[PDB]
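Number of protein chains: 2
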Amino acid sequence: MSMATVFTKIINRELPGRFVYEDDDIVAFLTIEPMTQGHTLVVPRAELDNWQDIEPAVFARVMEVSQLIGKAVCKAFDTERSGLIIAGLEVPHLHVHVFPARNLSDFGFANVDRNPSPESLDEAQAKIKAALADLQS
Amino acid sequence: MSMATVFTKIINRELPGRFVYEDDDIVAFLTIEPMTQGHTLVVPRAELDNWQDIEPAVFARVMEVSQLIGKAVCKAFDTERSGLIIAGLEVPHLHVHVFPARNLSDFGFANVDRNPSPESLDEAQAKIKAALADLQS
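Respectively, the protein sequence lines represent chains A and B.
Count along the first sequence starting at 1, add 2, and that's the number in the authors' numbering.
Count along the second sequence starting at 1, add 2, and that's the number in the authors' numbering.
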């Protein structure tokens, strides 16, 4: 089960995922390898890749939803700042990493939690959904 | 000298900087602590911070220039992918990190080039500016 395989099964709902947001064009769900608790992936529903080469308006939409998720994770986990990363070296489907940021070491793929507890993910999901409801009202 | 002080000196041309792009609203220049050669900072001229709170249209403009820079560093350094990071924990002025990316270990702050050679900066500036000329034609 490579990361790309699990990722595609989540977006296709063949494997369970912890979603926090969905649009006609964009979904967002918790990663199972979080850099910090609340680490969310913002994902176009269509298969896209190579962020810098994507149509500007399409990328703008993804980054705008990413802003909403960034506000939500800051509110949910009481942080002043949210980190944002685009890498794409593990999964060739565009996805924006958005997470509460506290330490410079939070930005780094080597330090991810490869085995987050189920309650920690449940709580991240519930807190982000609660913050989004506040922000979208 | 703090990273914030050095950043403000570079943007105000009080330290020599390797600028690669400017328009009426945004500049881009090589960081002097690069994660990889060609690591560029995309920066609004206005005093803005906290990417997730920026007016959506203003952020979209920063993101569009970030895409242009991402195209340019991939071409200039012959890498398939560009990394993109927004952190903000060291400098409280919005700036987007855009850099050619070959390995997950490139991402983050554990191993930056803290005194890069002038030759490496000059060559990166040259190659990025040459790539930009074709891209925006």
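In this text, a Cβ means the ideal position worked out from N, Cα and C, and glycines have one as well.
Distance check between B:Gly72 and each of B:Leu86, B:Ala62 and B:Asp136 places B:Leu86 closest, using alpha-carbon atoms only.
Rounded to whole angstroms, the separation of the alpha carbons of B:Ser107 and B:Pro58 is 31 Å. In the DSSP annotation of this structure, B:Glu49 is not part of any alpha helix (DSSP H), being labelled neither H nor E. Of the other Cβ atoms in all chains shown, fewer than 16 fall within 10 Å of the Cβ of A:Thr7; this residue is therefore exposed.
The beta carbon of B:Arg63 sits closer than 7 Å to the beta carbons of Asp27 and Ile28 from its chain, once the five residues preceding and following it are set aside; these are given in chain order. About 6 Å separates the Cβ atoms of A:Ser122 and A:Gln39, confirming a contact at the 8 Å cut-off.
Among the residues of chain B, those whose CB is under 7 Å from the CB of A:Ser84 are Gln54, following chain order. Beyond the five residues adjoining it in sequence on each side, A:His99 comes within less than 6 Å, by CB distance, of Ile87 in the same chain, given in chain order. Among the residues of chain A, those whose CB is under 7 Å from the CB of B:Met65 are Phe61, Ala62 and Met65, following chain order. In the three-state DSSP reduction, B:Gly85 falls in the strand class (E or B). Going by C-alpha positions, B:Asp136 is about 45 Å away from A:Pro18. With the criterion set as a beta carbon lying under 8 Å from some beta carbon of chain B, the members of the region 24–57 of chain A are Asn52, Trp53, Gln54, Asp55 and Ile56, in sequence order. With its beta carbon less than 8 Å from one in chain B, A:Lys73 belongs to the interface. Under a 10 Å Cβ-count criterion, B:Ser119 is classified as exposed, with fewer than 16 other Cβ atoms of the shown protein chains found around its own Cβ.
Contacts with chain B at 8 Å (Cβ-Cβ) do not include A:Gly19. Straight-line spacing of the CA atoms in A:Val60 and B:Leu50 works out to 24 Å.
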